[PDB]
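This report refers to the structure that appears directly beneath it.
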Amino acid sequence: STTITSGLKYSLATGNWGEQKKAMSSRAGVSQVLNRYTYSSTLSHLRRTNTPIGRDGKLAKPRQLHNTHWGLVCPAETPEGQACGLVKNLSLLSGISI
Amino acid sequence: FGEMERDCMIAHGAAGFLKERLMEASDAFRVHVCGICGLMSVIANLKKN
DNA sequence: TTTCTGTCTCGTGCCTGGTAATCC
RNA sequence: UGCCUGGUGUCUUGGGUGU
DNA sequence: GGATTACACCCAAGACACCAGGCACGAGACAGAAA
Ligand SMILES: [Zn+2]
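Listed below in structure tokens is the structure:
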């Protein structure tokens, strides 16, 4: 019973989405500490999306705001610096199909 | 005191300030070198001279 | 049953090795 | 006469701040 | 194939030789045995 328990707990605790002994080459940052500075910050954090294109081999096109983003992601809210444009926030009426 | 600050200090021409920043205000050390081999292999015992 | 005790199991201990672009 | 103390991991990762 | 892709600063959080199996020292209990 320790296998599944430890695997799930490790992946959720550290954010590395994979086996513990394969930490390298695994997608990191999937799980993050909830931001509780203020209510709006928590609400924003719970509705955040990430594009795992990384920093190596960057290009401007993935970071741009496309025409098809209308109504599905926020045109104004994006971080500064490295993750600009790659991190998106759902619009206020958006949903994800189940 | 990164590399760009070092370049700014070079541009000002202040060699003494740069030497003091990188030695006295940081990791300064004393070693003994052989006058022949030129390596830091001298076994120096200061108290026994 | 009283008394001296055996000797082999066993608690405590431990050694030590297995197991992403671009550019030249 | 009962007599005073300086000594602080490392490696990853994430989120941020100023240009 | 190789090498390199701005500067500085803050904070928080999770992991870092474990282990198992064979070898030794000491002890003790419950059963032997004479009386
Ligand atoms: Zn010499």
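Residue numbers (PDB author numbering), protein chains in the order written: chain P, 443 to 540; chain U, 1130 to 1178.
For each residue, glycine too, the CB sits at the ideal point set by N, CA and C.
| query | How far does the beta strand (DSSP E) with residue 530 of chain P in it reach, from first residue to last? | reply | The residue you call residue 530 of chain P lines up with position 88 of the first sequence. Per DSSP, residue 530 of chain P belongs to the beta strand (DSSP E) from 529 to 531.
| task | Note down the Cα distance separating residue 525 of chain P from residue 1130 of chain U, rounded to an integer number of angstroms. | result | Numbered from its first residue, the first sequence carries residue 525 of chain P at position 83. Numbered from its first residue, the second sequence carries residue 1130 of chain U at position 1. About 28 angstroms.
| query | Do you know whose CA, among P:517, P:476, P:460 and P:480, lies nearest residue 469 of chain P's CA? | reply | As a first step, residue 469 of chain P must be located in the first sequence, where it is residue number 27. When only C-alpha atoms are compared, the closest one is P:460.
| request: Indicate whether the contact test is met: 3 or more Cβ pairs, each with one atom in the stretch 530 to 540 of chain P and one in the stretch 483 to 492 of chain P, closer than 8 angstroms. | output: yes
| Which residues have their C-beta within less than 5 angstroms of a heavy atom of ligand 1, listed in chain order? | U:1163, U:1165 and U:1166
| query | Is it right to say residue 458 of chain P is buried, meaning 16 or more other beta carbons lie within 10 angstroms of its own, or is it exposed? | reply | Translated into the one-based positions of the first sequence, residue 458 of chain P becomes position 16. Label assigned to residue 458 of chain P: buried.
| said: Starting from residue 490 of chain P, trace the alpha helix (DSSP H) in both directions and tell me its first and last residue. | reply: As a position in the first sequence, residue 490 of chain P is number 48, starting the count at 1. First-last for residue 490 of chain P: 490 to 492, but that is the beta strand (DSSP E), not the alpha helix (DSSP H).
| task | Report back the beta-carbon spacing between residue 473 of chain P and residue 454 of chain P to the nearest angstrom; my notes put them in contact at under 8 angstroms. | result | By 1-based counting over the first sequence, the position of residue 473 of chain P is 31. By 1-based counting over the first sequence, the position of residue 454 of chain P is 12. Contact flag correct, Cβ pair sits at about 5 angstroms.
| message | Using only the alpha-carbon positions, how far apart do residue 1144 of chain U and residue 1138 of chain U sit? | response | Mapped onto the second sequence, residue 1144 of chain U falls at position 15. Mapped onto the second sequence, residue 1138 of chain U falls at position 9. Those two C-alpha atoms are separated by around 8 angstroms.
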